[PDB]
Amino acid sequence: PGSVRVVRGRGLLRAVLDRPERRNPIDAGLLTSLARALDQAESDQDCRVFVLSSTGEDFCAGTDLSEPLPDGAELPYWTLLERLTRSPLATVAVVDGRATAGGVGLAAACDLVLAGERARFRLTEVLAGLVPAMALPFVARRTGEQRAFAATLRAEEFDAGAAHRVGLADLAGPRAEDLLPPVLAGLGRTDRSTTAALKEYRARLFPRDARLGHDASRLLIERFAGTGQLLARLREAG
């Protein structure tokens, strides 16, 4: 009876996006439910891995088309993507359907991305007059800046193979779920302490400045604030 279904396994917690009839959109409850799953995982000292998986044809469709910002404040979406890069747990995204708009950032912010045959990634934001400012740093840290910016300007779609070729997926196969057991068995050779120190050192060597989450939050809110027309266009094409 929530948008995230939580499953415990051996040294892992799996958060399953569980609204397939709505295409697993991002709203308040999805971001809180995910933040709460991450909290339950991190509070278990024996947990080493957070697994993010989904349901149906839509991994995550992004913000639902079916906000004030205090100084230094960040939208919850930014807070969650940062958490996925900073958590002492290894974060693994399991993608076997459409990651669209904000869904691309949610997958990209995980340490490891697994893509199956039905995986698709596309930032549709420019087609709606938006800059995907909050997702871009999580895509660009995988694809490099040129491919992330050009894929945004052209609303480029990536299948599993193309996602793997540009760095957005680390592993590709017939089914993302079937790439997970070998990733989990490999992660069982290291521990949370090492995984934590490794993610911390990534932030040390490749930092995001302390203002970036605010500025990116502001840019998305400003552009959403003709947007009504372009979103109607996007739904009609959908």
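Residue indices: 1-based, along the sequence shown.
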item: Residues of the deposited sequence left unbuilt between residue 226 and residue 225; value: 1 to 3
item: Residues of the deposited sequence left unbuilt between residue 67 and residue 66; value: 4 to 9
item: Per the entry, higher mean C-alpha B factor between 226-234 and 9-17; value: 226-234
item: 116-124 versus 71-79 - greater average Cα B-factor per the deposited record; value: 71-79
item: Member of 170, 27, 177, 57 with the greatest C-alpha B factor (per the PDB record); value: 27
item: Among modelled residues of the same chain, the CA temperature factor third for residue 194; value: middle
item: Assigned third (lowest, middle, highest) for the C-alpha B factor of residue 212; value: highest
item: For residue 37, the third of its chain into which the C-alpha B factor falls; value: highest
